[PDB]
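A short worksheet on the structure shown next.
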Amino acid sequence: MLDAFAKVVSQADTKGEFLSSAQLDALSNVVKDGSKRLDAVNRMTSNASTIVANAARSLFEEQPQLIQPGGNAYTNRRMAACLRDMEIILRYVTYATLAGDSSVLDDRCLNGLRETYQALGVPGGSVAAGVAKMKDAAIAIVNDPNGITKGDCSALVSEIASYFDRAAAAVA
Amino acid sequence: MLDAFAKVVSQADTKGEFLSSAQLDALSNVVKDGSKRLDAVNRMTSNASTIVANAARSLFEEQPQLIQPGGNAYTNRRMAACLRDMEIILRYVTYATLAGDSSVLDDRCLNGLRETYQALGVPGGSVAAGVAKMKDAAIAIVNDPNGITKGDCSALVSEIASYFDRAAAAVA
Amino acid sequence: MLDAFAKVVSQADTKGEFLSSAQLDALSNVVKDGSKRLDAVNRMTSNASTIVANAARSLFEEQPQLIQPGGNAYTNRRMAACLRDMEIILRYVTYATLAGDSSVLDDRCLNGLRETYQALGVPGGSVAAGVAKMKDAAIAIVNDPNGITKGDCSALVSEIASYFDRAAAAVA
Amino acid sequence: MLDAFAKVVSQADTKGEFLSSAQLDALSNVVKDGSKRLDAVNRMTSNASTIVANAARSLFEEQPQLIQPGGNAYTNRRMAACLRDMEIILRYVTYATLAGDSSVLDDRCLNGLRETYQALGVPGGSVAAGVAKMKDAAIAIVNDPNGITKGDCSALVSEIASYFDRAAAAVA
Amino acid sequence: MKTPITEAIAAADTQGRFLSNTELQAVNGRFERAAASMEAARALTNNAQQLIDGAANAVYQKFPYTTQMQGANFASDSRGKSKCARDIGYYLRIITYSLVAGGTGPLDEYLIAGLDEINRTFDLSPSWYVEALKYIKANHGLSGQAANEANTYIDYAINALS
Amino acid sequence: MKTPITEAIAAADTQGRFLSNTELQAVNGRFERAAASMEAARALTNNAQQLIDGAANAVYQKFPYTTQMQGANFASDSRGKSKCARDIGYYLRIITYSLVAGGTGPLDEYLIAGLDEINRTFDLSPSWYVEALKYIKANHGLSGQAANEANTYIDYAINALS
Amino acid sequence: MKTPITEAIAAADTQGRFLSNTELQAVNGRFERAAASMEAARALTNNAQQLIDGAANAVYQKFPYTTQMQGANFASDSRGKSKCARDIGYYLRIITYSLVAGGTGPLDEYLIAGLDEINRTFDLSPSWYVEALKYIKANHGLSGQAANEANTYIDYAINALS
Amino acid sequence: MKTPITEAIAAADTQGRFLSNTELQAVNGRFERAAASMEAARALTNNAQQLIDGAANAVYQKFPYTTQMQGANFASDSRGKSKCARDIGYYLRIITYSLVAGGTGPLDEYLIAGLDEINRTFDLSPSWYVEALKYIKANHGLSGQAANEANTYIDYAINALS
Ligand SMILES: *[C@@H](C)[C@H]1/C(=C/c2[nH]c(/C=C3N=C(/C=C4\NC(=O)C(CC)=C4C)C(C)=C\3CCC(=O)O)c(CCC(=O)O)c2C)NC(=O)[C@@H]1C
Ligand SMILES: *[C@@H](C)[C@H]1/C(=C/c2[nH]c(/C=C3N=C(/C=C4\NC(=O)C(CC)=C4C)C(C)=C\3CCC(=O)O)c(CCC(=O)O)c2C)NC(=O)[C@@H]1C
Ligand SMILES: *[C@H](C)[C@H]1/C(=C/c2[nH]c(/C=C3N=C(/C=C4\NC(=O)C(CC)=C4C)C(C)=C\3CCC(=O)O)c(CCC(=O)O)c2C)NC(=O)[C@@H]1C
Ligand SMILES: *[C@H](C)[C@H]1/C(=C/c2[nH]c(/C=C3N=C(/C=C4\NC(=O)C(CC)=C4C)C(C)=C\3CCC(=O)O)c(CCC(=O)O)c2C)NC(=O)[C@@H]1C
Ligand SMILES: *[C@H](C)[C@H]1/C(=C/c2[nH]c(/C=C3N=C(/C=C4\NC(=O)C(CC)=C4C)C(C)=C\3CCC(=O)O)c(CCC(=O)O)c2C)NC(=O)[C@@H]1C
Ligand SMILES: *[C@H](C)[C@H]1/C(=C/c2[nH]c(/C=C3N=C(/C=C4\NC(=O)C(CC)=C4C)C(C)=C\3CCC(=O)O)c(CCC(=O)O)c2C)NC(=O)[C@@H]1C
Ligand SMILES: *[C@H](C)[C@H]1/C(=C/c2[nH]c(/C=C3N=C(/C=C4\NC(=O)C(CC)=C4C)C(C)=C\3CCC(=O)O)c(CCC(=O)O)c2C)NC(=O)[C@@H]1C
Ligand SMILES: *[C@H](C)[C@H]1/C(=C/c2[nH]c(/C=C3N=C(/C=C4\NC(=O)C(CC)=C4C)C(C)=C\3CCC(=O)O)c(CCC(=O)O)c2C)NC(=O)[C@@H]1C
Ligand SMILES: *[C@H](C)[C@H]1/C(=C/c2[nH]c(/C=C3N=C(/C=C4\NC(=O)C(CC)=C4C)C(C)=C\3CCC(=O)O)c(CCC(=O)O)c2C)NC(=O)[C@@H]1C
Ligand SMILES: *[C@H](C)[C@H]1/C(=C/c2[nH]c(/C=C3N=C(/C=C4\NC(=O)C(CC)=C4C)C(C)=C\3CCC(=O)O)c(CCC(=O)O)c2C)NC(=O)[C@@H]1C
Ligand SMILES: *[C@H](C)[C@H]1/C(=C/c2[nH]c(/C=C3N=C(/C=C4\NC(=O)C(CC)=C4C)C(C)=C\3CCC(=O)O)c(CCC(=O)O)c2C)NC(=O)[C@@H]1C
Ligand SMILES: *[C@H](C)[C@H]1/C(=C/c2[nH]c(/C=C3N=C(/C=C4\NC(=O)C(CC)=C4C)C(C)=C\3CCC(=O)O)c(CCC(=O)O)c2C)NC(=O)[C@@H]1C
């Protein structure tokens, strides 16, 4: 797996070059936003249950057949499985957020997940919708200004949203 | 594997015959040149690093893209692998030189090596060039008249050159 | 093993009480010396060869028969084992220096060391001498005011010296 | 095990000194007797059946009750084991003769042989007798001036005789 | 016990080597956090009595039946209210232990292990203690990273009950 | 690639769990040191040509025969001097890689592996490159923690040669 | 084929290394003896017919019934005498193979393996071939180390029959 | 210890058999080489002092900083120069050991084992001793096969340092 620094270094080693001032500036930006990155990851983690719950609720209001008899999320077994999947994707999103690179999320989670769902009969589009509602809930929790030093986290937030959109597209 | 004596004896056993005076003379020639054979093998061995270095240098001057970014010999991993291959082929050449027969070099080294290189993306023609420069460097070290009793080693030298040419042709 | 904080926490759990102000003050002092503790460990680690060399040199100047024919440190086999023993003891002292507690040093290095040393016939007094020489060489390296922010490290140095004295007394 | 040269080298390494002229002279003498040493080993090996037969014959002429009903060498089982023991002792004497040192003979053959022989109830004195008979038969074969270059082998023969005496005394 | 420092030393010793720059980087991360951790531990230890009593009262207000129903497991009488405050004190005490140690070690070893069968045997509802920990979290009077350190281990105990 | 961040993420993933508080403490220790690490990487990359040329000249003054004796492994001509400067550039480049990544990973993968075979085959004395690194360490111009970071990774490359 | 040279090369190859000094010392010992070995092989090959016919006649004189008694395993007629000379030619031929190769390999592979089954099935007494070999050993005409080499490989074939 | 003779005896004993003609061929190769080996060992032992002092001086001339820089590991003063000559003496002493034994045994057991960590601990550059061995190889005053025997084991120690 790669983080933001290891990705830049691997590209420079292939070119056989020192890092440019562009790449040195970009990574200095990542380092200065490191504390915001920790706050983002720690807030998504401490509130994983809330993020999954808000996402599932909005998904089940939008698609009520999921929680009705015959729905893919009906019964205790399928509901627990569905919630486990939501927490799994969130977990790998927090990996990519701390790392600054989606490599861990792409390799150890999204790669082949679509095919896994189409084989199990799980609605990939519904999962992609659920992942999108996870994004909105996580962003709202990450951007909460209470109990935290004020500042601009918009670049980080765009990054986190990109990891969620990546997860949604891999199953839609 | 076969040496010069075992090869002659295996041909005679198939024919069910005593050795001819031709074969007895040929093997007596090999035995009288045995000390030169040891000198040749011991000189190639003691100077394996020098022979590889001179060969690689001339190959990299002739084909400079090998040691530039994207070259098949660029980076520490590919350079160490390339040098290891050169020493390997030299090692098996010294086997065939002490034995007086290329059987060990053909069986345990050259057989299928071409296919191995074409699968790994290694330029077989470049390897064959490197092996040829090993030959010239080894011959120069073997034919060094300093610190050794003077005499004609030209028959041996032709034999050694034939083993190198054999190695080069198996990958070109 | 225990660090400085786990030792106090484990004793307060045995007593079933909150930590007193005296214990909070002592552990807060350890925290305020944290960057100094890291400097001591980093300097003792990156100069481990220099420390062992300086101690070994002075030990062999005082007891020259150790590196003379018949000595317990003569021959390559025994000299390398002596230096290995020096490195190991210094390594465990840095463990204790980081932990702020000698539990790891006593449990995993010092316990039963005199009994083994007596079995292998290694002069335990000479080992204790070299350990005391490491202390002087290690403390001089730690106390070097070059390239570091000026400040008082006497409490830390006294703690480190106590760890070396514990090791010396364990084999003397 | 040690040969003649390793014994001197190991003692000089213990003393930490170069080899003296006396040691160089003694080992150079062993080298100049090298072809004679090979003749002794080759003659004792290729005539091993003759040696064991001659010694066994004379032993059974002197102690005829050994091949009489009740004897320790009577029956096929015990006679074959007796001859096997003879061959083994002669084999280890040739090892020592080649090595120029009795270390292999003492460590791997003679050590504890009397204790086993006493356990199996084999007359150790009769074994020592047959061993002395092998010495006479082996030395006569070694000293045969037929088909060999004339020269003095008395030092070599005395050394070989000492090896046989070591084996005889180890069970007597 | 399992602390970030003894964890780093154990990993280094297992490979028989000095501590690496990465292990020394991790220990620095602990030593940096330890200032906020110590401030939180000092605050919770000093205000122990007020926080404990306020937490018990918050549970009583939230679940009024705990002070109304009879039965030894409830807090209708003085014995039950004192047992409740003792329990909440046990939780906060071991929470300060973890703040001092810089890790969940003390909470895992001294509190959570066997907690589920203790509560089950004596009919103590985990949601009572979750509410008491929620009060302590909202009334410790900390800010910044000291509040975050306290909240990390208070939430850790809350999650162990859920 | 092995970095302190990827190590912590891999530890959490193998246990199928979110990152713990201790793992975040360790990642913070890397982010704290990363400012000084990035300072060192910037200074070494900007002064690359000056440090490379100075290190080469430092080697020529310390081992005078390398500019005098004939031989392809020596820098007595223009070709050898270019090869020597290139090699030192390789060392410093990969050292900046490690400073940027926060660990010895790039040095292990891109430089150290096979280094002894390369030096042995082409008869390049490792003491030459120890001396060039000693010059860069003594003359990078950094101070404080940026110097400490640069020193640890230069010392790492030095130890790999010893 | 197993020869002293192929044994040394196989030892070096299994450890993936060049030939050591001790292996070259051993190969020299074979090359030193090869001059006397080649002398023996030449003398035995030139005098092949004379040695074969003499060995056969030596057997007929030592075991007189082999030319008198009727039976297909005996040499009492022209056919049996041709078969006997052929067999002795086989022995001597393979003995020259071994002298040429420098080891017992050819004797092991081309003669000894299955020899006891051949002799048992066709009722050929091994003592006959021991006597023919004893004659060739006593009458090859060689001296010095060429005789010693011839003797060792003739004795090897004799021992295989005993 | 591992010598060509004890190696041959060990192989024979493992199979519980007398030594074969091939093993006796290998031992003959050693006994032939042993004459040159003994002459080389005699020469290096007699001229030990002149060779040692000349080797130390060749290192000082080649690497002038070894006599200029201060530090216990260098040879600026009389103590350092005497330590250097003692070391070079150790190398040559064990080299003559190997020449006497006819194999690398003594060099492997008495010198190379642990040599790398001894040099690393006391900051002794392997290239110093390579130069000292290069001088001894070029100044032992041997010719023919005695020079080749000496050069074989001197180069063996050189390769152990590279
Ligand atoms: C974006 C998510 C929001 C935001 C973040 C923000 N925080 C600071 C201040 C700090 N954040 C931390 C976080 C941690 N350090 C650790 O070691 C750990 C895990 C153990 C964490 C979670 C720290 C130490 C600080 C500094 C102290 C402080 O409280 O200020 C800032 C400004 C300072 C900076 O950028 O470094 C910002 C912007 N603030 C918002 O408004 C966003 C919603
Ligand atoms: C051809 C490569 C060059 C050449 C060779 C040459 N050498 C001799 C002399 C000898 N070479 C040896 C070699 C060995 N014997 C061993 O046991 C070992 C390994 C341990 C080796 C390496 C020996 C013993 C001799 C004899 C002593 C001497 O130095 O003369 C000759 C002439 C004698 C002969 O052919 O046997 C030759 C031709 N000489 C050249 O000019 C070629 C460049
Ligand atoms: C929830 C929003 C939706 C949903 C999910 C659902 N999944 C299953 C079964 C599985 N989910 C996975 C996913 C992963 N397991 C991993 O280890 C990883 C990477 C770390 C991933 C991405 C897998 C492998 C399965 C297979 C079986 C299992 O339970 O593990 C179910 C149950 C299917 C059934 O018929 O029992 C469900 C319900 N269903 C919905 O309706 C939501 C849209
Ligand atoms: C060097 C002149 C050229 C070159 C070589 C190169 N090879 C690899 C990889 C391999 N080489 C071999 C060859 C052998 N291994 C054996 O055991 C034997 C017989 C004893 C032989 C002949 C093999 C098997 C490999 C496979 C992988 C490995 O490293 O072992 C590389 C690296 C390839 C990569 O992409 O990593 C290289 C570079 N490359 C050049 O440019 C030169 C022309
Ligand atoms: C050098 C300062 C002195 C000295 C040391 C010496 N020791 C040996 C043998 C051993 N030393 C140890 C010690 C440890 N091994 C560990 O793992 C640990 C930490 C848990 C310790 C403290 C051991 C176990 C041995 C025996 C096994 C081994 O050798 O590895 C020797 C060699 C003794 C011999 O060869 O017979 C020496 C020289 N001797 C001195 O004279 C110095 C004063
Ligand atoms: C006592 C041994 C000597 C001493 C130490 C000292 N240091 C500071 C300040 C700092 N020390 C460090 C060191 C590290 N932080 C890490 O994370 C690591 C490993 C990766 C190390 C090695 C740092 C970062 C600082 C802060 C920045 C700075 O350079 O100052 C002080 C001042 C007080 C304090 O604790 O900060 C002191 C006294 N100085 C001496 O004179 C003693 C000999
Ligand atoms: C014959 C000269 C005398 C004699 C010998 C005899 N021995 C046995 C039994 C044994 N002999 C040995 C000796 C060795 N085995 C080895 O491997 C080695 C070298 C390491 C030696 C020296 C052993 C071990 C035995 C017991 C196991 C075995 O039989 O193989 C017998 C038979 C005794 C019996 O059947 O009870 C005999 C006859 N006895 C004489 O009378 C001769 C004087
Ligand atoms: C003492 C036992 C008797 C004796 C021996 C003797 N031999 C020589 C000469 C030689 N001996 C050999 C033997 C071998 N060389 C080998 O490699 C092998 C095994 C493969 C053997 C068995 C050789 C080759 C020689 C040299 C040629 C020759 O035939 O002379 C001498 C003369 C001095 C010397 O050491 O060379 C002697 C004395 N002769 C006796 O009379 C003793 C009874
Ligand atoms: C308070 C939130 C509610 C409450 C409290 C209550 N507890 C008891 C009795 C017990 N509490 C414990 C808990 C622990 N003992 C330990 O050692 C540890 C580890 C730190 C813990 C967490 C235990 C073991 C008991 C029973 C044994 C004892 O008394 O010590 C009571 C009385 C129940 C009884 O049956 O005796 C009460 C009332 N009940 C409420 O209604 C409050 C809301
Ligand atoms: C400079 C300090 C001294 C010096 C340098 C020198 N090097 C060569 C040739 C080579 N250097 C390397 C090193 C690497 N290649 C890699 O990919 C890596 C990892 C990043 C390293 C460390 C290699 C492989 C070579 C040979 C192949 C090539 O040309 O690239 C020379 C010429 C040697 C030759 O025989 O051609 C020189 C002179 N020599 C000195 O005297 C300087 C003091
Ligand atoms: C001569 C010493 C005595 C003798 C010889 C004899 N042989 C046969 C027949 C056979 N001899 C062989 C032997 C070999 N065949 C092989 O390939 C090899 C390995 C090289 C050997 C050693 C075999 C196989 C036969 C039978 C098959 C064949 O005819 O080739 C005879 C005739 C026996 C018969 O029944 O036909 C004789 C007479 N007999 C004497 O009396 C001589 C003293
Ligand atoms: C000479 C080429 C350079 C040199 C020499 C030097 N050595 C030391 C100290 C030591 N040398 C050794 C080597 C060995 N001891 C053994 O038992 C063996 C096995 C045979 C070897 C190879 C050791 C162990 C030491 C340290 C312990 C001791 O003094 O015996 C010094 C002094 C270094 C010190 O720190 O005391 C020196 C100067 N240095 C140069 O500059 C010369 C070019």
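Order of listing sets the numbers, starting from 1, for every ligand and every atom in it. Protein chains get the first letters and strands the later ones, always in sequence-line order, with residue 1 at the start of each.
When C:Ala55, C:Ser126, C:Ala129, C:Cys82 are ranked by how near their heavy atoms come to atom 1 (C) of ligand 5, first place goes to C:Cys82. Heavy-atom proximity to atom 10 (C) of ligand 6, evaluated over C:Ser35, E:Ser20, C:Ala155, C:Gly147, is greatest for C:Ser35. Closest heavy-atom approach to atom 32 (C) of ligand 5 among the candidates C:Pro123, C:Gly130, C:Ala119, C:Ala81: C:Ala81. Here atom 22 (C) of ligand 5 lies nearest to C:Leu113 when heavy atoms of C:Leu113, C:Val122, C:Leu120 are compared. Considering each of B:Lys32, B:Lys36, G:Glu23, the one bringing a non-hydrogen atom nearest atom 38 (C) of ligand 2 is B:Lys36.
Closest to atom 13 (C) of ligand 6 among all protein heavy atoms lies C:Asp39 OD1, 3.2 Å. Considering only non-hydrogen protein atoms, atom 17 (O) of ligand 6 sits nearest to E:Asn28 CG, 3.0 Å. The protein heavy atom nearest to atom 43 (C) of ligand 2 is B:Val142 O, 3.7 Å. Nearest protein heavy-atom neighbour of atom 18 (C) of ligand 2: H:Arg33 NH1, 3.5 Å. Among all non-hydrogen protein atoms, the one lying nearest atom 42 (C) of ligand 6 is C:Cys153 SG, 3.0 Å. The shortest contact between atom 8 (C) of ligand 2 and any protein heavy atom is with B:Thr149 CB, 3.9 Å. For atom 25 (C) of ligand 2, the closest non-hydrogen atom of the protein is H:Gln145 NE2, 3.7 Å. Looking only at protein heavy atoms, the nearest one to atom 2 (C) of ligand 2 is B:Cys153 SG, 3.2 Å. The shortest contact between atom 43 (C) of ligand 6 and any protein heavy atom is with C:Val142 O, 3.6 Å. Nearest to atom 19 (C) of ligand 5 among the protein's heavy atoms is C:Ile88 CG2, 3.6 Å. Nearest non-hydrogen protein atom to atom 33 (C) of ligand 6 is C:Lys36 CD, 4.3 Å. With hydrogens left out, the protein atom closest to atom 16 (C) of ligand 6 is C:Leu38 CD1, 3.7 Å, a heavy atom. Of all protein heavy atoms, the one lying nearest to atom 20 (C) of ligand 6 is F:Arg33 NE, 3.3 Å.
Legend: residues meeting side-chain hydrogen bond (donor to acceptor under 3.5 Å, both in side chains) with C:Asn42, ordered by chain and number and at least two apart, are absent.
No N or O atom of C:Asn42 sits closer than 3.5 Å to an N or O atom of ligand 6. The shortest N or O to N or O distance between F:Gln145 and ligand 6 is below 3.5 Å. Note: an N/O pair closer than 3.5 Å links B:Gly151 and ligand 2 by distance alone. Taking any N or O of C:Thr149, backbone or side chain, at least one lies under 3.5 Å from an N or O belonging to ligand 6. Close N/O approach between G:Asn28 and ligand 2 is found [any backbone or side-chain N/O within under 3.5 Å]. Looking at ligand 6, you won't find any N or O of C:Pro145 less than 3.5 Å from one of its N or O atoms. Any N or O atom pair closer than 3.5 Å counts here, and C:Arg43 shares no such pair with ligand 6. At under 3.5 Å, not a single nitrogen or oxygen of B:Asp152, backbone or side chain, sits near a nitrogen or oxygen of ligand 2.
With ligand atoms numbered from 1 in the order given, ligand 2 contributes 3 (C), 4 (C), 5 (C), 39 (N) to contacts under 4.0 Å with heavy atoms of B:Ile148. Near C:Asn72, with a cut-off below 4.0 Å to any heavy atom, the atoms of ligand 5 are 38 (C), 39 (N), 40 (C), 41 (O). Those atoms of ligand 5 that come under 4.0 Å of a heavy atom in C:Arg108, given as number and element, are 20 (C). Shown in contact with C:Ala73 at under 4.0 Å from a heavy atom are these atoms of ligand 5, numbered in order with element: 41 (O). Residue C:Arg78 has at least one heavy-atom neighbour below 4.0 Å for each of these atoms of ligand 5: 35 (O), 38 (C). Every atom of ligand 5 is numbered from 1 in the order shown, and the set under 4.0 Å from a heavy atom of C:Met86 is 2 (C). Within ligand 2, counting atoms from 1 as listed, the ones closer than 4.0 Å to a heavy atom of B:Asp39 are 5 (C), 6 (C), 7 (N), 10 (C), 11 (N), 12 (C), 13 (C), 22 (C). Counting atoms of ligand 6 from 1 in the listed order, those under 4.0 Å from a heavy atom of C:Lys150 are 41 (O).
Smallest separation of non-hydrogen atoms from C:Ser126 and C:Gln63: OG-OE1, 3.1 Å.
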